[PDB]
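> build the 3D model from these lines:
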Amino acid sequence: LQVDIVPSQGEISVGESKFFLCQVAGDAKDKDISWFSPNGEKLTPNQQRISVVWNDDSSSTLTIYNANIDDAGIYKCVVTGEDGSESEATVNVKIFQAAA
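Numbering: from 1, shown residues only. Please find the structure below.
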């Protein structure tokens, strides 16, 4: 059971947006896919500055918009199997400010 995030790392300028695509390798027929923020919360699209989309049973896309410095950290994509199998991938999201 394997999950991967594209891109594998990211930097977002303050106020800007970036997406990360989590994909399961293989059949995710009976598998659940969830994104978690650095503070541990399971992420849902109603949240401020956050979008989570489940494209199909094998991939889920996280989008961070209007990026705040408080949004930086290790985000995690977890895939959970019917059989109790489980794996995760992590992406380190850095937030920065620079001359614009």
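> can you give me the buried ones in the longest strand along the chain?
Counting by DSSP state E, the longest strand found in the chain is strand 86-96. For strand 86-96, a neighbour-count test (16 or more other CB atoms under 10 Å) marks 87-91, 93, 95 as buried. C-beta coordinates here come from the backbone N, C-alpha and C atoms, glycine included.
> which stretches of this structure form strands?
Along the chain, counting by DSSP E, strands occupy 2-6, 9-13, 18-25, 32-36, 50-56, 59-64, 73-80, 86-96.
> got a list of what residue 50 touches?
Listed by CB atoms under 8 Å, 6 or more residues apart in numbering, the contact set of residue 50 reads 37, 43-44, 62-65.
> apply 7 Å and report the result again.
Residues in contact with residue 50 (CB atoms under 7 Å, 6 or more residues apart in numbering) are 43, 64.
> can you name the residues bridging to it?
On the basis of DSSP bridges, residue 50 is bridged to residue 64.
> for residue 67, see how far away it is.
Distance, residue 50 to residue 67, by CB to CB, to the nearest Å: 10 Å.
> helices or strands up against the longest strand of the chain?
In terms of contacts (3 or more CB pairs under 7 Å, 6 or more residues apart in numbering; DSSP states H and E), strand 86-96 is packed against strand 2-6, strand 9-13, strand 73-80.
> residue 43: what's it in contact with?
35-37, 50, 52, 62.
> residues in contact with residue 99?
With CB under 7 Å, 6+ apart, residue 99 has no contacts at all.
> what are the pairing partners of the longest strand of the chain, and which direction each?
Strand 86-96 is paired, per DSSP bridges, with strand 9-13 (parallel), strand 73-80 (antiparallel).
> looking at those, spot the one closest to residue 26.
Residue 26 lies closest to strand 73-80 among these, at 9.8 Å (CB to CB).
> which positions in that closest one come out as buried?
Here strand 73-80 shows 75-80 as buried, counting by 16+ other CB under 10 Å.
> of the helices and strands packed on strand 86-96, which is nearest residue 29?
strand 73-80 (11.8 Å).
> only C-alpha atoms, please: export that closest one in CSV.
Extracted in CSV, the C-alpha atoms of strand 73-80 (Å, rounded to 0.1, in the frame of the first residue of the first chain):
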residue,chain,number,x,y,z
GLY,A,73,4.4,22.7,8.3
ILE,A,74,4.3,19.0,7.5
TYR,A,75,1.0,18.1,5.8
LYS,A,76,0.1,14.4,5.7
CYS,A,77,-1.9,12.2,3.3
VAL,A,78,-3.1,8.9,4.8
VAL,A,79,-4.6,6.0,2.9
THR,A,80,-6.6,3.4,5.0
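> I'm done for today, thanks for sticking with me.
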